[PDB]
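Here the structure is laid out as structure tokens; the discussion comes afterwards.
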Amino acid sequence: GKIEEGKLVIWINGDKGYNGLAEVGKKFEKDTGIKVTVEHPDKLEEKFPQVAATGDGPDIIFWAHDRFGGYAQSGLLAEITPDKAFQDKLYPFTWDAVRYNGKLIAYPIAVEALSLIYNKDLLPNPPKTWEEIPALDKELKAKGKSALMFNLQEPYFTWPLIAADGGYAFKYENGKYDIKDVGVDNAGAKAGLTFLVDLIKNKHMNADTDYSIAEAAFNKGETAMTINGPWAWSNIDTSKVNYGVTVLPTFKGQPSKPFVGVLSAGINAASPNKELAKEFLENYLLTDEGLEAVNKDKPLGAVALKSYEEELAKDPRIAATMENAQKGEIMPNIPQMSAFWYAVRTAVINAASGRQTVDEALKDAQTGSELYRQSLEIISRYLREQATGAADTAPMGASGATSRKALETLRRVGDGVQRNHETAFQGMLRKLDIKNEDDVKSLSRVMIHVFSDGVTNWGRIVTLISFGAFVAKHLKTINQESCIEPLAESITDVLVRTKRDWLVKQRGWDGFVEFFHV
Ligand SMILES: COc1nn(C)cc1C(=O)N[S@@]1(=O)=NC(=O)c2ccc3c(c2)N(C[C@@H]2CCO[C@H]2[C@@H](OC)/C(F)=C/C[C@H](C)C1)C[C@@]1(CCCc2cc(Cl)ccc21)CO3
Ligand SMILES: OC[C@H]1O[C@H](O[C@H]2[C@H](O)[C@@H](O)[C@@H](O)O[C@@H]2CO)[C@H](O)[C@@H](O)[C@@H]1O
């Protein structure tokens with residue numbers, strides 16, 4: 001749990017130009033004597049927050065911007081402070097993708113959007129609609145080909161179809177996200193995912209198709225179409241398939257709406273090499289020659305660097321990428337994106353395999369996606385009304401009946417725990433000696449140790465929240481009322497992170513209300 005001084009370790013995904021990046025690393029070493037190690041570990045976006053939390057991991061992490069808000073909220077990223085001269089060399093909308101709570105948390109590299117990639121030797125004209133793909137597959141099957149193969153294991157690739165007829169992650173209106181408004185189990189999302197499951201039912205696609213199987217089938221000329229990003233174009237070039245990159249097909253007359261990613265470079269908060277990392281990213285990578293080295297290995301898409309994007313913009317494959325991006329939406333970077341992606345990943349795999357119906361799969365994804373927000377509403381309200389003696393008059397909002405009935409249940413069963421276990425609560429309160437916001441930050445570790453490692457049931461969840469209320473009452477009494485919302489956020493994090501799968505299996509807080517129905 002200590003990063004080594006006087007070198008740079010970089011993590012980037014195995015689908016990106018990591019050999020090109022290593023070439024930029026060699027140029028840095030030639031000037032500075034500092035070795036640059038580029039690694040592409042499996043699941044690096046899940047590994048980074050685990051290793052970084054212990055003061056370990058790479059100096060620089062590359063991922064799409066959507067994961068970076070979670071990393072920033074967890075204190076895992078150094079604030080990026082480039083001068084005006086450097087900032088003005090990149091597109092302002094790319095800087096917006098890496099801004100979190102008013103602070104830049106990464107360097108933007110390139111804009112990524114999925115396109116429809118088609119074999120001009122099999123399909124001279126690509127289909128304008130999803131609805132015509134079954135008929136095309138039937139024509140191509142008669143010739144020993146298939147219409148379409150793409151990765152069905154990552155919701156990134158299926159999302160554009162789910163979003164087409166009105167599926168959404170977090171509602172965006174008046175230039176602001178309603179994190180309370182999730183659109184995963186609406187009629188639009190159901191129509192999109194039913195269309196995908198029907199393609200599998202009718203044997204136009206196979207539920208087991210992943211990135212490697214789709215790429216091999218397209219690059220060998222066995223399938224007429226794939227869905228992929230700019231990074232894929234290198235392997236297609238090598239294959240000598242006569243390919244086009246175009247607009248994704250429409251669904252029910254509406255565009256497919258890909259979630260747009262900005263490949264971004266974050267600096268580990270635990271790195272002792274932050275000045276070397278800034279130098280590397282600003283004066284080696286984010287140059288015409290640095291981006292060219294990476295782009296020549298695996299294409300980046302529409303680069304953040306204006307000078308180089310002017311050259312690449314002339315490429316009709318980049319025009320197609322930006323057309324799809326404009327029909328799509330820039331991903332949020334809110335910490336909840338991780339849970340959203342896990343919930344929709346499971347829904348698509350289960351619907352595609354027949355493990356769940358579309359209705360069952362998207363219900364669970366909806367419950368999973370709103371679990372943090374709903375849990376925080378209940379827990380924050382209970383802690384604050386316990387501390388002050390007065391309830392919150394603010395409307396409950398989305399799924400408000402559940403929130404109201406959960407808080408009602410918690411008042412009954414939680415007050416019971418605090419009354420019956422007053423001596424134990426007082427003993428643990430004094431032993432923990434909670435005085436201020438720094439001490440509250442130390443509770444997460446002991447909550448995971450005591451709560452998360454014990455049996456999972458609603459009773460032990462009531463104790464977790466009820467002791468939280470007991471601590472909140474103390475914090476109010478000693479003029480530390482400012483600590484209660486952070487405490488509520490910390491309890492919610494432990495509960496929903498460590499009991500995610502169990503909570504969704506219970507129908508979340510509806511399960512809680514039913515379990516303690518007297
Ligand atoms: C029929 O049975 C029941 N019906 N219902 C409604 C409940 C039970 C029931 O039996 N529940 S029980 O099994 N629950 C536990 O054991 C338990 C569960 C979660 C806990 C947790 C304990 N904690 C240790 C406790 C605190 C007081 O002394 C501890 C314990 O004695 C050593 C005790 F009193 C247990 C009695 C429980 C009622 C038994 C607190 C904890 C660690 C410390 C830091 C910290 C900070 C915050 Cl903000 C928030 C929480 C925490 C983690 O959360
Ligand atoms: O499938 C969910 C997944 O989608 C995005 O990941 C993309 C990434 O943006 C691309 O650069 C490329 O590597 O493919 C990935 C999909 O396999 C999100 O960025 C990611 O957080 C999310 O889990």
Side-chain angles (χ1 to χ4, degrees), residues 12-16 40 43-46 62-70 109-114 151-159 210-211 228-232 258-264 298 300-301 331-333 337-345 348-349 379 383 409-410 412-418 420-432 434 439-440 442-472 474-475 483-484 486-492 494-495 498 512 515-516:
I12 187 159
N13 206 40
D15 59 7
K16 301 317 196 292
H40 48 97
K43 299 183 174 199
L44 78 88
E45 82 286 8
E46 297 184 13
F62 283 77
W63 199 262
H65 73 277
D66 69 297
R67 293 272 161 182
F68 279 73
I109 310 296
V111 181
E112 306 176 340
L114 291 171
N151 187 3
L152 304 186
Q153 305 314 310
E154 281 296 339
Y156 185 70
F157 296 85
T158 289
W159 186 253
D210 64 7
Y211 190 93
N228 224 326
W231 56 85
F259 250 152
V260 179
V262 178
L263 180 71
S264 300
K298 300 294 175 72
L300 284 166
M331 286 186 277
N333 67 358
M337 282 302 291
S338 187
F340 160 77
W341 282 129
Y342 182 83
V344 178
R345 175 180 297 114
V348 170
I349 287 169
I379 292 166
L383 268 54
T409 301
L410 189 52
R412 182 159 48 79
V413 302
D415 290 20
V417 172
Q418 293 189 65
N420 286 315
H421 300 263
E422 190 168 36
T423 320
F425 275 35
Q426 193 56 228
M428 188 57 67
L429 177 62
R430 292 194 210 186
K431 189 189 182 201
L432 293 168
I434 307 156
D439 298 346
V440 165
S442 81
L443 294 171
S444 181
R445 304 197 193 287
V446 50
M447 281 190 285
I448 292 162
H449 184 279
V450 177
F451 166 68
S452 297
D453 299 330
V455 168
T456 309
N457 55 51
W458 284 120
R460 288 194 78 261
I461 292 165
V462 168
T463 306
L464 168 77
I465 298 162
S466 299
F467 190 67
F470 196 86
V471 172
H474 180 69
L475 291 167
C483 292
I484 291 161
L487 180 71
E489 285 163 1
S490 174
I491 295 161
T492 302
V494 173
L495 176 59
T498 71
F512 172 71
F515 181 87
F516 287 125

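Quick note: numbers below take in every heavy atom, side chains included, and nothing from hydrogens, waters or symmetry partners. When a residue number appears, it is its place in the shown sequence, counting from 1. Just follow the structure's listing: the first ligand is 1, and inside any ligand the first atom is 1.
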Is there a heavy atom of [X] sitting under 4.0 angstrom from any atom of ligand 2?
{"X": "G261", "value": "no"}
{"X": "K16", "value": "yes"}
{"X": "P155", "value": "yes"}

Look at [atom] and say whether a protein heavy atom is found at less than 4.0 angstrom from it.
{"atom": "atom 33 (C) of ligand 1", "answer": "no"}
{"atom": "atom 10 (O) of ligand 1", "answer": "no"}
{"atom": "atom 25 (C) of ligand 1", "answer": "no"}
{"atom": "atom 1 (C) of ligand 1", "answer": "no"}

Only heavy atoms count here, so choose which of [options] is nearest to [atom].
{"atom": "atom 46 (C) of ligand 1", "options": "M447, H449, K431", "result": "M447"}
{"atom": "atom 28 (O) of ligand 1", "options": "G454, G416, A424", "result": "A424"}
{"atom": "atom 1 (O) of ligand 2", "options": "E112, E154, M331, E45", "result": "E154"}

Notebook entry, point to check: N/O to N/O below 3.5 Å, does that happen between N151 and ligand 2?
Noted result: no
Give the residue, atom name and distance (to 0.1 Å) of the protein heavy atom nearest [atom].
{"atom": "atom 22 (C) of ligand 1", "result": "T463 CG2, 3.6 Å"}
{"atom": "atom 43 (C) of ligand 1", "result": "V446 CG2, 3.8 Å"}
{"atom": "atom 21 (C) of ligand 1", "result": "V450 CG1, 3.9 Å"}
{"atom": "atom 18 (C) of ligand 1", "result": "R460 O, 3.4 Å"}
{"atom": "atom 31 (O) of ligand 1", "result": "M428 CE, 4.8 Å"}
{"atom": "atom 7 (C) of ligand 1", "result": "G459 O, 3.0 Å"}
{"atom": "atom 40 (C) of ligand 1", "result": "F467 CD2, 4.0 Å"}
{"atom": "atom 49 (C) of ligand 1", "result": "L464 O, 3.3 Å"}
{"atom": "atom 14 (O) of ligand 2", "result": "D15 OD2, 3.9 Å"}

Considering only heavy atoms from C-beta outward, does the side chain of [X] approach that of [Y] to under 4.5 Å?
{"X": "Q418", "Y": "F425", "value": "yes"}
{"X": "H449", "Y": "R445", "value": "no"}
{"X": "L495", "Y": "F451", "value": "yes"}
{"X": "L475", "Y": "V440", "value": "yes"}

At a 4.0 Å threshold, what atoms of ligand 1 neighbour a non-hydrogen atom of [X]?
{"X": "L487", "result": "48 (Cl)"}
{"X": "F425", "result": "27 (C)"}
{"X": "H421", "result": "36 (C), 38 (C)"}

Using the rule side chain to side chain contact (heavy atoms under 4.5 Å, CB included), only one of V348, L152, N228 pairs with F157; which is it?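 Testing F157 for a side chain to side chain contact (heavy atoms under 4.5 Å, CB included) against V348, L152, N228 leaves exactly one candidate, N228.
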Ligand 1 contact on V417 by region, counting heavy-atom pairs under 4.0 Å |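 Answer for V417: side chain.
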Show the nearest heavy-atom pair for residues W341 and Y156, with the distance to one decimal.
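Residues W341 and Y156, closest heavy atoms: CZ3-N, 3.8 Å.
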Where the side chain of [X] meets the backbone of [Y], is there a donor-acceptor pair that is under 3.5 Å apart?
{"X": "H65", "Y": "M331", "answer": "yes"}
{"X": "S442", "Y": "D439", "answer": "yes"}
{"X": "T492", "Y": "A488", "answer": "yes"}

Applying a 4.0 Å heavy-atom criterion (strictly less than), which segment of [X] is in contact with ligand 2: side chain, backbone, both, or neither?
{"X": "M337", "value": "neither"}
{"X": "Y156", "value": "both"}
{"X": "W63", "value": "side chain"}
{"X": "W231", "value": "side chain"}

Here the atoms of ligand 2 under 4.0 Å from any heavy atom belonging to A64 are 9 (O), 19 (O)
>> Under 4.0 Å from a heavy atom of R345: which atoms of ligand 2 are those, numbered in the order shown and with their elements?
In response: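 Answer, ordered by atom number: 2 (C), 23 (O).
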Aromatic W231 / basic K298 pairing, under 6.0 angstrom, 45° off normal: no
To the nearest 0.5 Å, what is the distance between CG on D415 and CG on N420?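 The CG atom of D415 sits 11.0 Å away from the CG atom of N420.
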